[PDB]
Each structure stands twice: as structure tokens, then as C-alpha cells.
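Keeping their order, the protein sequence lines are chains A and B. In terms of this note's numbering, the first sequence is residues 246 to 415. In terms of this note's numbering, the second sequence is residues 246 to 415. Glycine is no exception: its CB is placed at the ideal position from the N, C-alpha and C atoms.
Number of protein chains: 2
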Amino acid sequence: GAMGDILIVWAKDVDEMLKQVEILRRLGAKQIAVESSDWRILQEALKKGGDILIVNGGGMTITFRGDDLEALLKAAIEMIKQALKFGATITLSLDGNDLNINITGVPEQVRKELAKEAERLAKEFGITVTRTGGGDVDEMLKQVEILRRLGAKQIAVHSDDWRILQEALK
Amino acid sequence: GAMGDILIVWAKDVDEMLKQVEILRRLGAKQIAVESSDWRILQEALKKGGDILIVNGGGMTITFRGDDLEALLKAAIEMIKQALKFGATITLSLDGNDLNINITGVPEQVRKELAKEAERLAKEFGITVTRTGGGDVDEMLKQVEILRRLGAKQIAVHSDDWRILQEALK
Ligand SMILES: [Cl-]
Ligand SMILES: [Cu+2]
Ligand SMILES: [Cu+2]
Numbered sequence: 246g247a248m249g250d251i252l253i254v255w256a257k258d259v260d261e262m263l264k265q266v267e268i269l270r271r272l273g274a275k276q277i278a279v280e281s282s283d284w285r286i287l288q289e290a291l292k293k294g295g296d297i298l299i300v301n302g303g304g305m306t307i308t309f310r311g312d313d314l315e316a317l318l319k320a321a322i323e324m325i326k327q328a329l330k331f332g333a334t335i336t337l338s339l340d341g342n343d344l345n346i347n348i349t350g351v352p353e354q355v356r357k358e359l360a361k362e363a364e365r366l367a368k369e370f371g372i373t374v375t376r377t378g379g380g381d382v383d384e385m386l387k388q389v390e391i392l393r394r395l396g397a398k399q400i401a402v403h404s405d406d407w408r409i410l411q412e413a414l415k
Numbered sequence: 246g247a248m249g250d251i252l253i254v255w256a257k258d259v260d261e262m263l264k265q266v267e268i269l270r271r272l273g274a275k276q277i278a279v280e281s282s283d284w285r286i287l288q289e290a291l292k293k294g295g296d297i298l299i300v301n302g303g304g305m306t307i308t309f310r311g312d313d314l315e316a317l318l319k320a321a322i323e324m325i326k327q328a329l330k331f332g333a334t335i336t337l338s339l340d341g342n343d344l345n346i347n348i349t350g351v352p353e354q355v356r357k358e359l360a361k362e363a364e365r366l367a368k369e370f371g372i373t374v375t376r377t378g379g380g381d382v383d384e385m386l387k388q389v390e391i392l393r394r395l396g397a398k399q400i401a402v403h404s405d406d407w408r409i410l411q412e413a414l415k
């Protein structure tokens with residue numbers, strides 16, 4: 246189309262992903278890339294006729310959930326300050342009663358510290374937290390091969406994520 | 246490669262972009278996509294042999310600059326709270342004495358309010374701010390055609406950005 250060739254959907258939920266893909270198809274979108282740290286969401290994207298995927302190998306998505314948005318933001322702000330100081334790239338969105346934080350470009354030890362801090366902050370502000378991705382390099386290699394077997398034609402990785410993984414491989 | 250086909254570089258500076266592309270090429274990367282709200286950075290990415298670009302049509306990159314990181318973070322935190330409340334997707338990184346904020350998925354009026362607030366916060370915390378992108382839909386259509394003329398093969402748009410632009414077109 247006149248504005249570009251590919252639309253990028255950041256998918257945090259399988260049903261929201263399918264709803265978004267459908268809305269874009271009705272608006273005349275022809276190629277939809279799906280980005281998610283959840284391997285099942287990426288597998289579902291392929292099943293629905295997508296073939297461009299953005300994967301998260303060494304990073305993770307932290308999802309804070311709760312009815313008080315100001316509590317979600319206080320928890321998120323602490324994660325943001327720490328993640329940025331460690332040299333992370335962070336993507337944030339509000340999704341209903343959820344605040345989603347994608348974190349890339351930090352080594353395994355730092356990822357572990359940020360995961361622990363997410364748990365601590367969740368308790369402190371009386372909210373819940375779920376973590377997706379941040380598996381080892383071996384699991385990433387396996388899941389990428391599975392996406393390829395299921396018909397992925399183009400797999401993209403954030404360069405900071407890829408650099409950390411290549412250092413972990415060495 | 247074993248981890249994927251494409252690496253995504255978020256480029257905020259033309260020299261940093263070229264340095265990153267070179268580091269990845271030396272690590273054995275074969276396809277590098279460049280994402281930036283700066284049309285000249287994307288043109289430079291093509292000149293260096295790239296052909297995959299991620300553009301920002303209706304959104305913008307806000308860059309806070311200053312020697313006190315705690316001042317940069319206070320300004321960024323206010324932008325984050327407001328942007329998220331407006332339904333924005335936000336990407337953040339630290340780059341030397343710079344804090345970069347990519348904002349997508351808000352209409353023109355909201356973008357204008359966030360730009361004004363960035364200026365106000367910069368003054369309040371004794372730091373500087375620069376804005377990139379957030380031009381009208383006509384300028385986006387023109388610059389995408391120019392990228393295509395200069396040899397872009399795949400142009401990607403964030404789905405939230407694209408939805409806002411299609412609403413602006415209508
Ligand atoms: Cl992306
Ligand atoms: Cu991303
Ligand atoms: Cu992006």
C-alpha cells in the first residue's frame with residue numbers, strides 16, 4: 246500500500262491478536278507481522294495465514310494486572326528506571342486492566358534481577374504480575390526451528406536481543 | 246541464521262546507526278532492518294545496502310538530553326504516564342546523555358499536547374528536548390515514495406500508527 250508493505254502487531258494475548266489482525270484485514274491490510282515473547286501466540290499468527298514474525302529470545306514481557314491504574318504505573322516506573330539503567334530497550338502499552346512491558350538487550354543475570362523486582366513491586370503495590378519469554382538460547386533455537394516448520398518465511402529479532410544471545414552462545 | 250532472518254536496529258543517530266550495522270555485519274548478520282522517525286537516517290540505511298525499513302508516520306521520537314540522568318528520568322516518567330493514558334505504545338532507551346522515547350498510536354491533537362508537555366518538562370527539569378517525526382499523512386506518503394525510489398524493498402509500519410493514519414486519511 247501507499248504507506249508501506251507490512252503492519253507490525255505487538256501481540257500480548259492470542260484473542261486480542263486475532264481481533265487486531267481481523268480489524269486490519271477489513272481496513273485493507275495485506276501483510277501483517279506479529280511480534281510476541283509468547284511462542285503459542287506466534288504459532289497462532291502462522292495458523293491464521295501470517296508468515297512474518299518478530300521473536301524475543303533473551304528478553305521478556307512483564308505484565309502487571311490490577312484495577313488501580315496508578316498502582317500499575319508506580320510498579321512500571323520502578324521497572325523502567327532499573328531496565329533503562331541496565332541498558333535495556335523497553336516497549337510499554339496499556340491493555341484493559343494490564344500494563345505490558347517488553348524488555349530486550351540485558352544479559353541473563355540482569356533479566357533474573359528484573360524478574361525478581363517485578364515480583365517484589367507487584368506485592369508492594371497490591372497487584373499481580375506474569376512473565377513471558379527469557380528462556381535460554383537452546384529453547385529459542387528450538388522454537389525458531391518449530392516456527393519455520395509451521396511455515397514462517399521471515400523471522401525478525403531485535404539487534405540488542407540478538408547481540409546478547411550471540412554473547413551467551415559464545 | 247539459526248536465531249532468525251532479520252535484525253531490527255532502532256536508529257536515533259546516523260553515526261550510531263552506521264556503527265551498529267557494522268558491528269552486526271562483523272558478527273555475521275546478513276539482513277539488517279532499520280527503524281527511525283528520521284527520514285534522513287532511513288535514506289542513509291538504504292545507501293549502506295539495507296532494503297528493509299520501519300517508518301513512523303503519525304508518531305514521533307522525543308529525545309531528552311542532559312548530564313543528570315535522574316532529571317532525564319523524571320521528565321520521561323511524566324511523558325510515559327500521559328502517553329500510556331492516551332493509548333500510546335512507547336519505546337524507551339538510554340543513549341549516552343540522551344533518553345529516547347518513540348510514541349505511536351495517538352491522533353494529531355494528542356501528539357501536539359505530548360510535544361508541548363515535553364517542552365514544558367524539559368524547562369522544569371533544566372534539560373533540552375528534540376522532536377522527530379509527527380508530520381502530516383501527505384508528508385509520510387511523499388517520504389515513503391522517496392524511500393521506494395531509493396531502493397526500499399520492504400517498508401513496515403506499527404499497526405497502531407497505521408490505524409491512526411488511515412483514520413486521518415478518512
Ligand atoms: Cl519493531
Ligand atoms: Cu519490538
Ligand atoms: Cu517500533
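Same chain only: Cβ atoms within 7 Å of residue i, ignoring 5 sequence neighbours per side
{"i": "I400 of chain A", "result": "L298, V300, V389 and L392"}
{"i": "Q327 of chain A", "result": "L359 and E362"}
{"i": "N342 of chain B", "result": "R310, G311 and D312"}
{"i": "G332 of chain A", "result": "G350 and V351"}
Own chain residues within Cβ distance below 6 Å of residue i, not counting five before or after
{"i": "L366 of chain A", "result": "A320 and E323"}
{"i": "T334 of chain A", "result": "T349, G350 and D405"}
Three-way DSSP call (helix, strand, coil) for residue i in this model
{"i": "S338 of chain A", "result": "strand"}
{"i": "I409 of chain B", "result": "helix"}
{"i": "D343 of chain B", "result": "strand"}
{"i": "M262 of chain A", "result": "helix"}
{"i": "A274 of chain A", "result": "coil"}
{"i": "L317 of chain A", "result": "helix"}
{"i": "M305 of chain A", "result": "strand"}
{"i": "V351 of chain A", "result": "coil"}
{"i": "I372 of chain B", "result": "coil"}
{"i": "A290 of chain A", "result": "helix"}
{"i": "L414 of chain A", "result": "helix"}
{"i": "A256 of chain B", "result": "coil"}
9 Å Cβ cut-off: residues of chain B touching residue i
{"i": "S338 of chain A", "result": "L329, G332, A333, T334, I335, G350 and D405"}
Straight-line gap, residue i to residue j (C-alpha atoms, nearest Å)
{"i": "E280 of chain A", "j": "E289 of chain A", "result": "12 Å"}
{"i": "residue 416 of chain B", "j": "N345 of chain B", "result": "With chain B covering 246 to 415 only, the question about residue 416 of chain B has no answer from this structure."}
{"i": "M262 of chain A", "j": "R394 of chain A", "result": "21 Å"}
{"i": "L339 of chain B", "j": "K330 of chain A", "result": "8 Å"}
{"i": "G302 of chain B", "j": "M385 of chain B", "result": "5 Å"}
{"i": "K415 of chain B", "j": "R270 of chain A", "result": "17 Å"}
{"i": "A278 of chain B", "j": "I325 of chain B", "result": "26 Å"}
{"i": "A274 of chain B", "j": "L252 of chain B", "result": "7 Å"}
{"i": "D250 of chain B", "j": "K387 of chain A", "result": "15 Å"}
{"i": "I268 of chain A", "j": "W255 of chain A", "result": "14 Å"}
{"i": "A316 of chain A", "j": "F370 of chain A", "result": "6 Å"}
{"i": "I372 of chain A", "j": "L318 of chain B", "result": "24 Å"}
{"i": "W284 of chain B", "j": "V382 of chain B", "result": "14 Å"}
{"i": "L287 of chain A", "j": "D260 of chain A", "result": "12 Å"}
{"i": "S282 of chain A", "j": "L272 of chain A", "result": "26 Å"}
{"i": "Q276 of chain A", "j": "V402 of chain B", "result": "11 Å"}
With 16 other Cβ atoms within 10 Å as the buried cut-off, status of residue i
{"i": "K257 of chain B", "result": "buried"}
{"i": "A247 of chain B", "result": "exposed"}
{"i": "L410 of chain B", "result": "buried"}
{"i": "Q354 of chain A", "result": "exposed"}
Cut-off 8 Å between Cβ atoms - residues of its own chain near residue i, not counting five sequence neighbours on either side
{"i": "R408 of chain A", "result": "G350"}
{"i": "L291 of chain B", "result": "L298, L392, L395, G396 and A397"}
{"i": "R356 of chain B", "result": "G303, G304, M305, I348 and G379"}
{"i": "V374 of chain A", "result": "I307, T308, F309, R310, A320, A363, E364, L366 and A367"}
{"i": "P352 of chain B", "result": "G303, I409, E412 and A413"}
{"i": "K293 of chain B", "result": "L263 and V266"}
{"i": "residue 446 of chain B", "result": "The question about residue 446 of chain B has no answer, for chain B in this structure spans 246 to 415."}
Proximal chain A residues relative to residue i, where beta-carbon distance stays under 8 Å
{"i": "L410 of chain B", "result": "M248"}
{"i": "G378 of chain B", "result": "In chain order: nothing, as chain A lies at least about 14 Å away."}
Chain B contact residues for residue i, given Cβ-Cβ distances below 8 Å
{"i": "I372 of chain A", "result": "Those do not exist, as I372 of chain A stays about 15 Å from chain B at its closest Cβ, beyond 8 Å."}
{"i": "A278 of chain A", "result": "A401"}
Chain A residues whose Cβ lies nearer than 7 Å to that of residue i
{"i": "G302 of chain B", "result": "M248"}
{"i": "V355 of chain B", "result": "Under the 7 Å cutoff, chain A gives no residues; its nearest Cβ is about 14 Å from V355 of chain B."}
Within chain A, partners of residue i - CB distance below 9 Å
{"i": "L269 of chain B", "result": "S404, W407 and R408"}
{"i": "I391 of chain B", "result": "Those do not exist, as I391 of chain B stays about 13 Å from chain A at its closest Cβ, beyond 9 Å."}
{"i": "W255 of chain B", "result": "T334, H403, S404 and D405"}
Contact list for residue i against chain B, beta-carbon separation under 7 Å
{"i": "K326 of chain A", "result": "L318"}
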